[PDB]
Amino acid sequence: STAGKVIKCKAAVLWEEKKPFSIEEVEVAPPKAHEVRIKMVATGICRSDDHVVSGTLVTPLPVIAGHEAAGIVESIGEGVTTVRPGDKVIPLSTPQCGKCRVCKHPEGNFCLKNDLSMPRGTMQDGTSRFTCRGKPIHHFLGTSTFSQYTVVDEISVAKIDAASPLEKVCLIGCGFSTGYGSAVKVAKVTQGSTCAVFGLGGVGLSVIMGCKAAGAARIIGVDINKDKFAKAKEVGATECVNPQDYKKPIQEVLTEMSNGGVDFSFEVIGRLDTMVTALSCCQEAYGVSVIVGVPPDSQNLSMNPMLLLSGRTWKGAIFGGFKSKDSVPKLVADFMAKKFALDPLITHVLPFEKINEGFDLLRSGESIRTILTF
C-alpha cells in the first residue's frame, strides 16, 4: 500500500536550536537505489540528540534527529541485498560500508562514510528524503529516527532477530553498545582491575555493565547527581562519589582511593574538564583512560603532556569500537541469550507524541533512557 509512494507521517522536527521538537506531518520519499525505508517501532532518547538541541553538537538544521532505534523494513530500493520488507532492523549512526580502509582494518570502526566528521545531514547521495511544510529537512547521522518512517542507506542498517523485543533492543543501536564496548573492546578492562566511570547516565551505566562483565574488582561511579548512585550500584558500581561533596579535586580523591590511580577510567559526560580529570586519575605509568562523552563544538582542552609521558594511554571511540553492521545483530543475539540486561537502563516508556516530556526528563536528571513508542 505504501511501496514506491511518498508517505505522509508524523515526525518530530527541530527547526532551530534551543526549541522544543515540533510534532507535525512530514513527507517521506520512497527509497532510491541501495536505500531502505523503515517503519519505526521504538526510539531511545540519547544525550547526543539533546546536544543537537543545545548547540553542543553542530549538524545542519532543520533536522529530524533521533538515532537510537529499532523498526521494521517497509520497502527497499533497487540493489538492496541485506534486508527485506518485514525484517526487524536497527539503524546505525556509524555505517559499515565494508570497503574503506577503516572497515577493512581489524580494529577500526569509524567508517569513512560517516556523517559525523563533516556533517552534511543528507543521505549518502547528498540529498534528503524528508519534506515538511514544503521545506526540505536534514537527516541526522544517516538515521533520523524521531519519525514514524525514515529512509537510511543500506550501509547504515542492520537486520536483527525476527523475535527481538524492539522496545528494548533499540538501545543496542547506540547507548548500550557504546558503553559496553568502551569497557570490553576499547579499554579492554582486565580481571581484578579498578575502574572509574564519570557520568552515570545510560551510556555510563553500560560502561559499568561492561567493566563488571570484564571482572573488574572495583568500579567507582562519579556523578554530580547523587540520585544516579542507586542504579549505578545495582548494575555493578562498588562505590560512588559526588565531586561536589569534596573540597579537593576529584582526581586527587580517586588517586587516593585507588592507592595511586585507577587502572581504567572513562569520561562519559562530555566536558573538557572531566576528560582531563579522568585521564589524571588513572595510574601514571600504566593507566588507560577512554573518552566517550561528546565535547562542546570546536572547544579545545588544555593538558600537561607529562600525564602521557609517564606511561598513560588516552583513547576515545565511537560506538564502543564495534564495527556496527557486524556487531549489532550479534549483540541482539547475546541479549536474547541473556548475556546482558537492558531493563536497568530503561526508566520511562512513553508514546512518541510525548517526545518533549522525554527530553525534559533527561534534562532534569530524572531519567536514564526514555523509550518512545510509535
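Residue indices: 1-based, along the sequence shown.
Engineer: Output the stretch having the higher mean C-alpha B factor in the entry; the candidates are 239-247 and 275-283.
Structural biologist: Averaging CA B-factors over each stretch, the winner is 239-247.
Engineer: Mean Cα B factor from the PDB record: higher for 311-319, or higher for 33-41?
Structural biologist: The entry gives the higher C-alpha B-factor average to 33-41.
Engineer: Report the option among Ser289, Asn114, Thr81, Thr178 whose CA atom has the maximum B-factor in the deposited record.
Structural biologist: Of the options given, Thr81 has the highest CA B-factor in the PDB entry.
Engineer: Which third of the chain does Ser324 land in by C-alpha B-factor: lowest, middle or highest?
Structural biologist: Tercile = lowest for this residue's CA B-factor.
Engineer: For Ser54, return the chain-relative third of its C-alpha B-factor as stated in the PDB record: lowest, middle or highest.
Structural biologist: Highest third of the chain for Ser54's C-alpha B-factor.
Engineer: Name the third of the chain's ranked CA B-factors that contains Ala213, choosing lowest, middle or highest.
Structural biologist: According to the entry, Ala213 has a C-alpha B-factor in the chain's middle third.
Engineer: Ordered by C-alpha B-factor within the chain, which third holds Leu61? Give me lowest, middle or highest, please.
Structural biologist: Highest third.
Engineer: Split into thirds by Cα B-factor across the chain's modelled residues, where does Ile76 land: lowest, middle or highest?
Structural biologist: Tercile = middle for this residue's CA B-factor.
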